[PDB]
Amino acid sequence: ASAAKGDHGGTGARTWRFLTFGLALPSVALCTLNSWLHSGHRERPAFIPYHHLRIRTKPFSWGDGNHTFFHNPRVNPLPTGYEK
Amino acid sequence: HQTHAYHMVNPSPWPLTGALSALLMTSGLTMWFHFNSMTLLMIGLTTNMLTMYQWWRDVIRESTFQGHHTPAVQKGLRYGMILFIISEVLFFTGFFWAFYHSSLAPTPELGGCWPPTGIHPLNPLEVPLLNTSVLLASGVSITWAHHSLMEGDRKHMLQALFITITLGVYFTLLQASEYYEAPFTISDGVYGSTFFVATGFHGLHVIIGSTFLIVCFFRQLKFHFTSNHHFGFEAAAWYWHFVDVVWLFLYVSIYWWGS
Amino acid sequence: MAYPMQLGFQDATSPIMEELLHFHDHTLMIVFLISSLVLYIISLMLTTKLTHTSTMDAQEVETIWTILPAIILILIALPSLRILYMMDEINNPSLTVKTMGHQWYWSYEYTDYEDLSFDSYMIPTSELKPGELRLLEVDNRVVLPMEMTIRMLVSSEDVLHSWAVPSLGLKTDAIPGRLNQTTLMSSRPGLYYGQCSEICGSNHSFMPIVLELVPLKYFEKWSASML
Amino acid sequence: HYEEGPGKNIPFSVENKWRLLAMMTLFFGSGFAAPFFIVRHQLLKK
Amino acid sequence: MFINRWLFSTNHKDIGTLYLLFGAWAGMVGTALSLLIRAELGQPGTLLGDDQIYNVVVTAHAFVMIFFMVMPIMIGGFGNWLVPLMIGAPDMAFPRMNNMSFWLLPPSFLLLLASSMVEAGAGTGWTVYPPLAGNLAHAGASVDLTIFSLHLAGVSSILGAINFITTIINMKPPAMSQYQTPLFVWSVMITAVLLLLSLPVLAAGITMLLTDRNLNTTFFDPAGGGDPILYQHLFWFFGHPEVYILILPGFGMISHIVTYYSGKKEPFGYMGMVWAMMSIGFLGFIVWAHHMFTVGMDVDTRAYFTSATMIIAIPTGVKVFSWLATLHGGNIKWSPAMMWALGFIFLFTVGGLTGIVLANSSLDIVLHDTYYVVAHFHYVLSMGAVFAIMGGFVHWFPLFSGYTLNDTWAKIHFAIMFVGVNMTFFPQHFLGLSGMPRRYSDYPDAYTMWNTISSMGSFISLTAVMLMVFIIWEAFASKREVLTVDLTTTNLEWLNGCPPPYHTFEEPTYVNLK
Amino acid sequence: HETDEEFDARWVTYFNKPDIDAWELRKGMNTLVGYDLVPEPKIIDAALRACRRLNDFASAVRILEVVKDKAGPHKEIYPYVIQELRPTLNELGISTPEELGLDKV
Amino acid sequence: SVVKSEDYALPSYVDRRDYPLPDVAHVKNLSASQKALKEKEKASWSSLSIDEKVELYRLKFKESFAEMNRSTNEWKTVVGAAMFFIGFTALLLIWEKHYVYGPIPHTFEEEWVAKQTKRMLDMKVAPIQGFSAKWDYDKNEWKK
Amino acid sequence: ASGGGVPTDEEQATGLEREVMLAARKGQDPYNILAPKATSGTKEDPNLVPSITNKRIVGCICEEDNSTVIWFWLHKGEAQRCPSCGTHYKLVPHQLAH
Amino acid sequence: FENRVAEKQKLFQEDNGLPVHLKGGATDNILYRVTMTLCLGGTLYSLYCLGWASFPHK
Amino acid sequence: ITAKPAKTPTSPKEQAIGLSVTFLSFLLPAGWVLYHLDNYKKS
Amino acid sequence: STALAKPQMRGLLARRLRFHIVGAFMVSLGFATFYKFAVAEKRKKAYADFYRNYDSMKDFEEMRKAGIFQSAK
Amino acid sequence: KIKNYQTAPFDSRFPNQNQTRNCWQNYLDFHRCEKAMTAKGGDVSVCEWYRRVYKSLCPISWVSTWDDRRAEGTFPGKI
Amino acid sequence: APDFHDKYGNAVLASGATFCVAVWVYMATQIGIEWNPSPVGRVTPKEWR
Ligand code: HEA
Ligand code: HEA
Ligand SMILES: CCCCC/C=C/C/C=C\C/C=C\C/C=C\CCCC(=O)O[C@H](COC(=O)CCCCCCCCCCCCCCCCC)COP(=O)(O)OCCN
Ligand SMILES: CCCCCC/C=C/CCCCCCCCCC(=O)O[C@H](COC(=O)CCCCCCCCCCCCCCC)COP(=O)(O)OC[C@@H](O)CO
Ligand SMILES: CCCCCCCCCCO[C@@H]1O[C@H](CO)[C@@H](O[C@H]2O[C@H](CO)[C@@H](O)[C@H](O)[C@H]2O)[C@H](O)[C@H]1O
Ligand code: CUA
Ligand SMILES: [Cu+2]
Ligand SMILES: [Mg+2]
Ligand code: NA
Ligand SMILES: [Zn+2]
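Named according to the PDB entry, chain B is Cytochrome c oxidase subunit 3 originating from Bos taurus. Here the PDB entry title reads "Bovine heart cytochrome c oxidase in the fully reduced state at 1.6 angstrom resolution". In UniProt, chain B has this text filed under Catalytic activity: "4 Fe(II)-[cytochrome c] + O2 + 8 H(+)(in) = 4 Fe(III)-[cytochrome c] + 2 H2O + 4 H(+)(out)". Looking at chain B in UniProt, the text filed under Sequence similarities is "Belongs to the cytochrome c oxidase subunit 3 family."

As annotated in the PDB entry, chain A carries the name Cytochrome c oxidase subunit 6A2, mitochondrial and is attributed to Bos taurus. A UniProt comment under Pathway is attached to chain A, and it reads "Energy metabolism; oxidative phosphorylation." Taken directly from UniProt, the Subcellular location text for chain A runs: "Mitochondrion inner membrane".

Here's what the structure looks like:
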């Protein structure tokens, strides 16, 4: 339960810098590439006015009361469907 | 003259201003939710920030500049930080209990399934996996910073701490983008509720932890920390590891198992 | 129903409530004996000028006062759990009745055969017929066949309520989105009263339950006449 | 520094027992009266 | 100087005094609310003519007594005065954060008063269950002000728990182990651990209630896939630890009082007392669903919660019998504080036993949401807390103030209160067994006799509370200054005189390790 | 923990120490009256003679009072102990509390 | 004699029957005749008079056991005053009934109760023990 | 890699923290961080109790593992005895600081 | 930059009787007055808001 | 406990005044509200 | 002039405790027999006697003739 | 076979106090059966057991709302 | 010297008891409180239908 690395004898700053630049930041760079390759907008699904979604029991305290705080017109329909 | 090692604190106005800031924030949220006005809330947020700034400023004055943090005082502050983190763990435990309650027993209104009918979860292998690598990496770089500081290496402490902060900011910006791009919202039933309230309080804690690391960065630029005495840095690192571990549990529970 | 100056439980209408009565008698005897023993030992400790103020060794007497309470707890828990699982045992009902809580009245649905449903409201005090009970009568009683196992299903169409009939030993919360099941069997005909038992707002005090237990043939004809 | 000793380690004066009686009367009496005036207030609204 | 001392305090004794004053004022509010409850019920029919107001009075009664009277007096008041003195510490670990725990409470109380003044109040019960507490059945600001009142009280107590745990672990003399600290200090440490773990779960649940009411979440709303029963689990996961939080400092004070007025150097069975409080604290986290036996719970879960609940009687009995064993052989001083403590032992025992009745879920089906539960907890909680508070207050008033009470008046006060609380609550057992629901503004006529008697009892305790205020006035009016206190060799908090100087233990105690 | 006679003998030895000091006299008596017993006459005798070596008449009388107090409602014990002590009381000129009027309220 | 507040850290005098020999003498300062009395105490106590012996006792101690253990009449004051204040409470309840409470519901009228009682017996309320069990349906009267 | 620039406690500790550090270096405990070790506690070998004033509270744990601590003021002058176990303590006033 | 901690240690240890929250100099007093004024003024305003919200309006 | 005699003794008459004032401070405002309940409910 | 006999002088509190705890136990056992006879068994016999010859249809007919039911005249 | 329906029998799939899922499952089963029998021909009469069971157990308002949502195209279960 | 209790205890006990019984009996019986005791042995049942 310790990966396949293995370099001790008096832990220190030099080893944790080695891990930072040799394992941790390369992994971030790999996941960044993976993410940037699967990016791009996907086709939004048909709108269906499901009653368990788009809940409105009280108007929101901003805007017109009917838009969520990080409303994205492209992918977040209102209770009455997508905005034009 | 005392002959114990503990700190008798000068009489202070910040407890009262912090309490009044809490009154103004809460009455302010009430005014915003029910009386269409942000005024009280803005005043309360401002006085809260002023209180935090002057209070922790004074703690730096009492310790770096006046010498009151003997080993006994520092040990108390270690216990205090550990106990504070434990209370924050239990706060998150309440939101995880809500998530598992709703997802392990999906009601008919959802379609009787999880994720609910009509919910299209984010792909956990895209930006959520990137966010995981980013916070895990920041736990490695903050450990490098801690060892550099203990070994008396100013430049590499600053480099490693800057990288840690940069990753915290990267996470925050990625999560903000994910919030904007998500096709479901907080109003999308219990899926949106659990998703945004649990990840949203976690995001708040990333912002708090990042701010705390930034405070440590500037104190380090100003030579406050010695190679053996730097509890503010240790507390910020403990808090940062807490934020990282809460993220791993959100990733596994909500993003992966809950997809 | 309760009667004036009543000290204990209503008389049992159902076998399960009779079991509860005997279990309560058993447990109350224990409660009385322990509360009296503590009061008596207090008085014993406080009624002598003799003293002994040096350190007293504890571990011997702490065996007695953990083991004997554990034994007492076991003697409560054994019949307690027997009744719990007897309650839960399979009964095979011959009728299902639903009740829905509302602010502030109950509705009932008998939909095994025909679509029968109705609302049940408290009789206002100013409209009580002579000899009727203030706050307990309803306009439309829950008529049920006596001597028969009935499945009650309990829910709500607004806030929480709770459907209770003390003399049958029944209390089942009424929760929107949830269908809670309990079983009911009256050994006798008659009128059996209960009251909403989860605070549900301004008129929580004023939405009672009245069961009317009669022979099957009367229940059948009543049901048909209520369609 | 601060005053120490009986009567001095409290945020209210006990130098005059009748002024104290008034102050204690106002203090405990205002807390006891408040719920009665909250009820009156809610009754008068509707 | 006045502002620096009393608004900018960093002193554990002055902060303790602030809490005792706040808690006594809250007690007046909570008592007035209780008299309105009993006035509505003292004859059949309607008094207020407005049951939403009745429900608001009941709700506010409980929040005031729990969060503004008992916890501030026990933990803020006796805890801050006594804990640093009993371990020879020069103050709390975080003396300035301690002052914020105090000053969050007046705003918290202001929010609760605000909730009752706006709209029609929060007529919810102190449980605040949805959907009654949601934005359709309680539209408007009242329930949100209640939620925010609880948030501030919760922050006050979480920070206070951090303070107490840190102080007790870290600031004892170096030779003093945890098994050489007095029982009241143990009782505060354990209460603080319970607060630290339980209050964040309440904060999560009431925050989810706040967002269902204002942000269109649906944690508790079946229309979105939510569940009202989830709120009940989160509330009572806090709420059962909370009832032990309300009594544990009381147990600690009772141990000291019974030891002192028995003329003993020590309580009987110290390590058993420590074990018992730790065991009660631990078991107090695994029993909460006995507040939910009628919600539609599976039989095997009912059997588990029945059984785990009953086991708490074992450590609790060790404490009761150990208090009796402390009296045994004592040179008994029949002081007023001793009378409070002996009233506590008996009344707590009665209440705890009716709790064991309720633990049996089969009987709880018939007793839940009736006056039997109200009778249970006004014995074990309301009388338990109030009698331990009055015992501690009478016993330590000369330490805090430097002046003595009139002991004859204090015994008269005890006698009146003992009659009053028992007349008030004992008949409520009959009302519950015979099926009267709680949270009702009126009752079927059969229940009239015991409701009448109960409400007459409530006025007797009112007379006792008025007399208590007079007795405190008379002590400060007459100024009998303390001279000699017995048994200081085993009661360290008295050894610096009465009142102790502003700074104590500037030179720490000397304790050898042998 | 030991036999009655061994307990008594340790206490007799305690008070018979020739150069017992005032502090030890008081420690001894204040410790002894914590036990569940009225001290045997032979213990009281040794304590009274310690009072004599310490030129403390008043504490000798007080010790007689605490024997009567430790007997509680057993009114037969104190006159028995005084009876057994009379030769020592006479030898040392110790008056009983009763002879001094110190039993009056 | 005079105990002062500033003496709180010094060994003190107490009269307690479980602490018979306190840490200090009741009287510390001696007059000329009291000094001579303490010198005489070094000789045979048989040569002390009763009054001298009492005086030596009262220099050492404040109260005797009989004095410090005396019973008092305080219980009469306590019980009597408690009953006065409980009596005063009934005045408050009288005031409340007169000025606060209006009439109770019409279901408490005698005729209503008599009819309601008959209907309770007709529906056999609590027929095993509680209520109708006490009615004799054969004799049409309450059982004796 | 490596490098300096981080102050040490020796360089930059101040105030009471620095007093405690310098005293510890000399094996001294003016701020009472350590538990004192008992002597045999006889009248010839009393426990020596430092103080900056002429009285200090002693807590005596008379026997190992007693839970009850016996507290009393120890005054300058002749050794005093614990009222429970009799072991002796003698105040050694003053010094420590200026 | 440069390690100026010793200069701040001298400033905050000066024997001038000032409490720590004012010991940095005149800007501490300004910031304190701003904070306390906003707090007390905000609290008075919250009380006005309570008075307004305590009664029905159209 | 022992204590000094009162520095400012409160005589029986003075106690009767303090007691009566204390009781009136609790009873008069609440009594006024409860006496006028009808006046409030009919508004 | 008769000497007094030596009375018991040791363990008087413990001896009192033992005697009355035994007495407490005996009383508790006595109350338990009274309570089982006066309450628990009384209730068992009352329900058993009630139901031994109980005729539910006869009880219904009595109630019906008294006019108590909505569903039966 | 085995008719004379009185009420819905005990169902070991749903043995506990909460019977929501029993109502829900039988409502789904009836409507899935009905859809199947309508498309490929046949008679809904073979779906009758599910019909009687969900009618016995389900609150009228639940059935009504679910029916309305099937007609609207917003029913979230699979049929 | 006799204290307050020696001088006045007898009168406080006697007067307080006499006052308490008199005012509770008056409250209980003379001002119209309806205690609603059991009808058993007290009420003659009357036809209602
Ligand atoms: C001081 C606060 C306090 C304390 C300490 C307790 C202690 C206990 N309580 Fe109580 N309780 C409340 C305050 C408290 N409670 C409150 C406020 C509520 C309701 C809140 C609401 O709904 O608003 C409540 C509700 C409540 C319920 C839910 C009832 C319902 O709503 O239907 C239950 C159920 O099991 C319960 C049980 C117990 C038990 C078993 C104990 C045990 O810890 C008691 C153990 C003590 C003893 C048993 C006595 C001493 C023991 C001996 C002498 C030994 C020998 C005894 C035996 C062998 C039995 N409590
Ligand atoms: C600590 C908790 C506490 C206390 C002390 C009390 C005290 C009292 N309560 Fe209680 N009560 C609750 C907690 C408490 N209550 C709770 C949790 C509920 C449930 C609410 C709900 O249903 O949601 C409740 C509900 C409740 C009801 C049921 C309402 C209903 O179901 O409709 C009743 C009815 O009689 C009642 C009456 C009283 C009375 C008459 C008193 C007292 O008048 C009795 C006498 C006691 C006092 C007068 C205390 C005075 C103390 C001080 C003045 C402090 C002094 C300070 C110092 C010395 C420093 N209460
Ligand atoms: C991304 C970075 C943004 C800048 C930094 C912001 C920090 C905010 C931190 C505090 C958050 C605290 C409360 C959290 C409540 C919910 C917010 C959840 C996270 C979030 O931001 O949720 C989003 C906004 O939601 C929303 O309502 C936003 C609602 C805004 C009001 C939030 C605060 C409401 C009151 C909270 C009271 C909390 C009390 C806590 C007490 C704790 C114990 C003392 C979701 O956007 P959406 O448009 O629905 O969906 C995306 C669709 N494309
Ligand atoms: C973007 C703006 C966001 C605004 C809102 C959130 C604001 C919070 C900002 C984040 C927190 C900043 C905390 C700064 C603390 C600075 C003071 C400090 O770090 O003080 C240290 C002590 O630690 C101490 O008190 C440690 C004290 C505890 C600090 C805990 C901080 C985390 C908790 C914050 C609140 C979270 C609330 C969450 C609610 C959901 C000083 O001791 P040392 O470091 O050893 O130095 C001495 C040596 O120099 C001697 O040689
Ligand atoms: C539950 C807590 C309280 C319980 C018990 C309260 C006991 C009451 C004490 C007296 O209260 C006063 O009673 C007066 C009547 O006796 C009222 O005067 C009222 O009635 C008088 C005539 O009866 C008029 O002269 C006044 O103007 C009119 O205000 C008066 O306002 C009220 O202060
Ligand atoms: Cu419906 Cu309470
Ligand atoms: Cu509980
Ligand atoms: Mg309930
Ligand atoms: Na009423
Ligand atoms: Zn010792």
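**Re the overall build of chain B**
Within chain B, the regular secondary structure consists of seven helices and zero strands. Its C-alpha atoms put chain B at 70 × 45 × 30 Å along the principal axes. Here chain B holds 259 residues, and the buried ones make up 68% of them. Within the structure as shown, chain B displays about 8500 Å² of accessible surface, and the carbon and sulfur contribution to it stands at 72%. Computed over 8 positive and 12 negative side-chain charges, the separation of the two mean positions in chain B equals 20 Å.

**Quick notes on the site of ligand 3**
The full set close to ligand 3 counts 23 residues, and A:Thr68, A:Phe70, A:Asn76, B:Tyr179 and B:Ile186 are the nearest of them. Neighbouring residues of ligand 3 are distributed over chains A, B and E. Contact distances for ligand 3 include 2.7 Å between an oxygen atom and a side-chain N or O atom of A:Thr68. Here A:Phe69 contributes a backbone N or O atom positioned 3.3 Å from an oxygen atom of ligand 3. Summarising the interface, the protein chains cover 75% of the accessible area of ligand 3, which totals 1200 Å² for the free molecule. Elements with a contribution of two residues or more to the shell around ligand 3: α1 (14-34), α5 (154-181) and α6 (189-221) of chain B together with α6 (142-170) of chain E. Here the shell around ligand 3 gets five residues from one element, more than from any other, and that element is α6(B). Its residues assigned to classes, the shell around ligand 3 comprises 17 nonpolar, six polar and no charged.

**A word on the domain arrangement of chain B**
All names here are of chain B. Segmenting chain B into domains produces domain 1 (1-68) and domain 2 (69-259). Computed over C-alpha atoms, the centres of domain 1 and domain 2 are 24 Å apart. Every contact between the two is made by 11 residues of domain 1 and, on the other side, six residues of domain 2. With both chains or domains summed, domain 1 and domain 2 bury close to 710 Å², and 65% of this area falls on carbon and sulfur atoms.

**Considering the site of ligand 4**
All names here are of chain B. The full set close to ligand 4 counts 24 residues, and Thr 64, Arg 219, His 224, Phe 231 and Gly 232 are the nearest of them. One of the side-chain nitrogen or oxygen atoms of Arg 219 is found 2.8 Å away from an oxygen atom of ligand 4. The backbone of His 224 places a nitrogen or oxygen atom 2.8 Å from an oxygen atom of ligand 4. Alone, ligand 4 offers 1200 Å² of accessible surface; in the complex the protein occludes 80% of this. Among the secondary structure elements, those contributing two or more residues to the shell around ligand 4 are α2 (39-65), α3 (71-104), α6 and α7 (231-257).

**Structural notes on the coordination of the iron atom of ligand 1**
Just one protein ligand coordinates the iron atom of ligand 1, and it is E:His376 (NE2) at 2.1 Å. Take E:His376: it is sitting in helix α14 (residues 371-401).

**Regarding the sheet that holds strand β3 (residues 116-120) of chain C**
All names here are of chain C. With mixed pairing, the five strands of this open sheet are ordered in space as β3-β2-β1-β5-β8. With partners counted over all chains shown, the strands left at the sheet margins are β3 and β8 (180-184), one partner each. Here the average twist between neighbouring strands, direction ignored, is 25 degrees. Across seven bridges, the pairing between strand β1 (residues 95-102) and strand β5 (residues 150-156) is parallel. Paired with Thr 96 across the bridge in β5 is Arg 151.

**What to know about the interface of chain B and chain E**
At the interface, 57 residues of chain B touch 62 residues of chain E. Across the chain B-chain E interface, the total number found is one salt bridge. A salt bridge links B:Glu62 to E:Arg96; the shortest N-O distance between them is 2.8 Å. Remark: the boundary between chain B and chain E carries 12 residue pairs in polar contact. Within the residue set of the side of chain B that touches chain E, elements represented by two or more residues are α1, α2, α3 and α6 of chain B. It is α3(B) that provides the largest number of residues to the side of chain B that touches chain E, a total of 17 residues.

**Some remarks on the interface of chain E and chain C**
Between chain E and chain C, the contact holds 84 residues from the first and 76 residues from the second. Carbon and sulfur atoms supply 68% of the area buried between chain E and chain C, which totals about 6900 Å² over both sides. For chain E, the biggest contributors to the area lost against chain C are E:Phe268, E:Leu363 and E:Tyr440; these three give 9% of the whole. Across the contact surface, chain E and chain C share two salt bridges. In this structure, the salt-bridge partner of C:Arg134 is E:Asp442, at a minimum N-O distance of 2.8 Å. Among the secondary structure elements, those contributing two or more residues to the side of chain E that touches chain C are α3 (51-86), α8 (228-261), α10 (299-311), α11 (313-327), α12 (336-359), α13 (361-367), α15 (407-433) and α16 (448-478) of chain E.

**Focus: helix α4 (residues 57-70) of chain F**
Residues and elements named next belong to chain F. Its 14 residues place the ends of α4 21 Å apart at the C-alpha level, agreeing with the 20 Å of an ideal helix rising 1.5 Å per residue. Across the 14 residues that make up α4, a large majority, 13, are buried. The N-terminus of α4 is capped by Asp 56, whose side-chain oxygen sits 3.3 Å from the backbone nitrogen of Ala 58.

**What about the environment of E:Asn331?**
The residue E:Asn331 is located in the loop between α11 and α12 in this model. With a relative accessible area of 13%, E:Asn331 lands in the buried category. Measuring from C-alpha to C-alpha, the distance between E:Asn331 and E:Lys264 comes to 8.0 Å, with 67 residues separating the pair along the chain. Leave out the neighbours within four places in its chain, and E:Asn331 touches C:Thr51, E:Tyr261, E:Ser262, E:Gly263, G:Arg16, G:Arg17 and G:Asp18. Polar side-chain contacts of E:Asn331 include one of 3.2 Å to the side chain of G:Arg17.

**Describing a positive patch on the surface**
Taken together, the side chains of L:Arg21, L:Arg32, L:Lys35 and L:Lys78 present a region of like positive charge at the surface. By the element assignment, L:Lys78 lies in the segment after α3 (60-72).

**Overview of the pairing of strand β10 (residues 208-214) of chain C**
Residues and elements named next belong to chain C. Within β10, seven of the seven residues are buried, which leaves it mostly tucked inside the rest of the structure. The alternating pattern of β10 places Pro 208, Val 210, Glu 212 and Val 214 and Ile 209, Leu 211 and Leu 213 on opposite faces, both of which are buried. Bridge count between strand β9 (residues 190-195) and β10: six bridges; the pairing is antiparallel. Note that in β10 the partner of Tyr 193 across the bridge is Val 210.

**Observations concerning the UniProt feature "transmembrane region" in chain A**
Sequence positions flagged by UniProt for "transmembrane region" are, in local numbering, residues 13-37 of chain A. End C-alpha atoms of residues 13-37 of chain A are separated by 34 Å, and the span's content is 100% helix alongside 0% strand.

**Examining the sheet that holds β9(C)**
All names here are of chain C. The mixed open sheet is built from three strands, whose spatial order is β4-β10-β9. In the strand order of this sheet, the two ends are held by β4 (142-145) and β9, each with one partner. Shown here is a sheet whose adjacent strand axes are inclined to one another by a mean of 25 degrees, direction ignored. Sheet contacts for helix α3 (residues 216-225): β4 and β10; angle to β4, the most-contacted strand, approximately 140 degrees.

**So, the pairing of β5(C)**
Of all seven residues that make up β5(C), seven are buried, and the element is covered over most of its length. Neither face of β5(C) is left uncovered, since the one carrying C:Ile150, C:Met152, C:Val154 and C:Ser156 and the one carrying C:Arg151, C:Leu153 and C:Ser155 both have all their residues buried.

**Digging into the arrangement of the chains**
No other pair of the 35 pairs of chains in contact has as many contacts as chains C and E. The two units chain F and chain L never meet; even their closest C-alpha atoms stay 61 Å apart.

**What to know about the UniProt feature "transmembrane region" in chain B**
Residues and elements named next belong to chain B. The feature "transmembrane region", as given by UniProt, occupies residues 14-32, 39-64, 71-103, 127-150, 154-181, 189-221 and 231-254 in the numbering adopted here. Helix and strand shares over residues 71-103 are 100% and 0% respectively, and the end C-alpha atoms of the span are 48 Å apart. Secondary structure content for residues 231-254 is 100% helix and 0% strand, and the end C-alpha separation is 34 Å.

Rules behind the numbers
Residues numbered from 1 in each chain as written, not as in the entry; some residues may be left out. Chains lettered and ligands numbered in written order. Heavy atoms only, no water. UniProt positions renumbered as here; feature names shortened; annotations may be inferred. Helix = DSSP H or I, 4+ residues; strand = E, 2+ residues; numbered from the N terminus. Buried < 20%, exposed > 50% of the residue type's maximum accessible area, 1.4 Å probe, protein only. Areas by Shrake-Rupley, 256 points an atom, 1.4 Å probe, with all protein chains shown as cover. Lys, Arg positive; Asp, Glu negative; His and termini not counted. Charge placed at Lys NZ, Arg CZ, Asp CG, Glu CD. Near = heavy atom within 4 Å. Polar contact = N/O pair within 3.5 Å; in protein donor to acceptor, adjacent residues only side chain to side chain. Nonpolar A, V, L, I, M, F, W, Y, C, P; charged D, E, K, R; others polar. Domains from an automatic or database assignment. Contact = heavy atoms within 4.5 Å. Buried area = accessible area lost by both parts, 1.4 Å probe. Donors = N, O, S within 2.8 Å, 3.2 Å for Na, K, Ca; no water. Pairing = 2+ DSSP bridges. Axes fitted to C-alpha atoms, helices over the stretch in contact; angles between N-to-C directions. Salt bridge = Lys/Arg side-chain N within 4 Å of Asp/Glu carboxyl O. Expected span 1.5 Å × (residues − 1). Patch = residues over 30% accessible without salt bridge, like charges linked within 9 Å, V, L, I, M, F, W, Y side chains within 5 Å.

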